[PDB]
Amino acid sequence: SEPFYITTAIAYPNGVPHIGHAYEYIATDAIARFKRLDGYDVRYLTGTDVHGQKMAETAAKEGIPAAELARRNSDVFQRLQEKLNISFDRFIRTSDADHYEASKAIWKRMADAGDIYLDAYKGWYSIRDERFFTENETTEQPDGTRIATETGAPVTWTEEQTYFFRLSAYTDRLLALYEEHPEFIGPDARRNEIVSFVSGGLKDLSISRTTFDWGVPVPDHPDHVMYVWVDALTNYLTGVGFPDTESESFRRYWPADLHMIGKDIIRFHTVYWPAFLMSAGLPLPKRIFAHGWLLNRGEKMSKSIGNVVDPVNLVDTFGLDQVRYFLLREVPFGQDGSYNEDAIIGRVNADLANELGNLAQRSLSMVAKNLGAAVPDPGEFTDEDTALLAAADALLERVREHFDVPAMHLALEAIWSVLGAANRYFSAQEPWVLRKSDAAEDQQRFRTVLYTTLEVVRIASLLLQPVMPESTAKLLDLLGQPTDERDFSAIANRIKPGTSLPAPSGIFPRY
């Protein structure tokens, strides 16, 4: 049972959780659930990044302490993930006591390696991005104020005696990493962008601040606070028992197998983060994957459902598993995507309610009121039965391949291809005709067709567990599958004839 450590980006709790956060949490949960069912030892970290000037300003604007905004908004972020049914092991917050020790530990490691030095910083700083920018990287507006060229965010002139990380010393050591291990950055398009960015030379990074005190204090220097990103990135270590490197959690889970992040914070994770770990003498994570953004088509406020970009609203409107499926199916993972009210409705009613819902319900109904509510004892299998079962048995292997990319959209395409095949099979065999017949060879065939249908929807249900936890559990309840037999190892064991089935009811309803 090999360990699998997966993390999400710990977002700033300065406002209301966006659709992008929910998209990330669902996507990461799907992989984390998939690995558990595939027999892995999974640690799954998520949470919030409560420090920084961005947080301190929003707290001062709302006239409350920074620590008060930290708890309140993190509680909101945590409840969203609870509503989204995220199976995280720990919801980390950078204000945690064990995180303070971990941030001070990695700092000491880097300083002892000789990568931290005191020097006066002079330059522009974006508070919205929590990011440093150079003179050329900024555009002087006709209004007078300065903005960051890339993001378009307002930048503030900063002149402080700060601590610097010798990032310029790791340029070629980072470029070798991308060449030797191309799997480090994903998708391929992101890696090439980072290669060209690092190829143009790297400048030293300021890693402490003095103008504010909302952040992790630098050891031996109370007047200095750690750069929010040095604080933020260390969470991935904290979530596995850092600074205790001898601990069971650290020796087993570190380095992380996958960092799940949005594409707007890729430089921090693929440039700064590995350089920090190289300096600290710690193993580098195996893969960082950046997903695209989800943008609304048309109007923000609907005339029937309300706010389209509100994650909580969509779950209340359409149902959790409906939203979970849509986001993972609609947009190819890694690319930017678009959605509207009709896109969700169409996908929910066609793919879930009809293609999967009705196939399951009709077959389970025929077993209930025509076959004594028990799995039919099948007869001899025909070429049609075998070919469909072969397409279903092949799923797990390719679904595993898609999930390792990660590419949840292709996995869902693969499963629906078989579900559609199961629907055409159901239409061709005509069980509703066969149940009316008096012939013994037609009655046994009716039992075989129903058994084959139940087996395909069982395999499908087992594989769809990471995507739709609640709905698939209720499907497997109706398919008489024991709770202690819902791992991917159970796919190889066919549904047992004579297994008692409870009264079937709709699980995927239309809108």
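The first residue of the shown sequence is 1; numbering continues from there.
Here 304-312 and 90-98 are compared by their mean Cα B-factor, and 304-312 comes out higher. Higher mean CA B-factor, judged across 444-452 and 22-30 from the recorded values: 444-452. Across the options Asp321, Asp231, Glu397, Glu341, the residue with the most elevated CA B-factor in the record is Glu341. Note on the listed residues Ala176, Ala428, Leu389, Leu328: the highest Cα temperature factor in the record is that of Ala428. Among the modelled residues of its chain, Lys61 has a C-alpha B-factor that falls in the highest third, as given in the PDB entry.
Sort the chain's modelled residues by C-alpha temperature factor and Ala70 lands in the highest third, per the entry. Looking at the C-alpha B-factors along this chain, the one for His409 belongs to the lowest third. In the deposited entry, the Cα temperature factor of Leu501 places it in the highest third of its chain's modelled residues. Compared with the other modelled residues of the chain, the Cα B-factor recorded for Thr483 ranks in the highest third.
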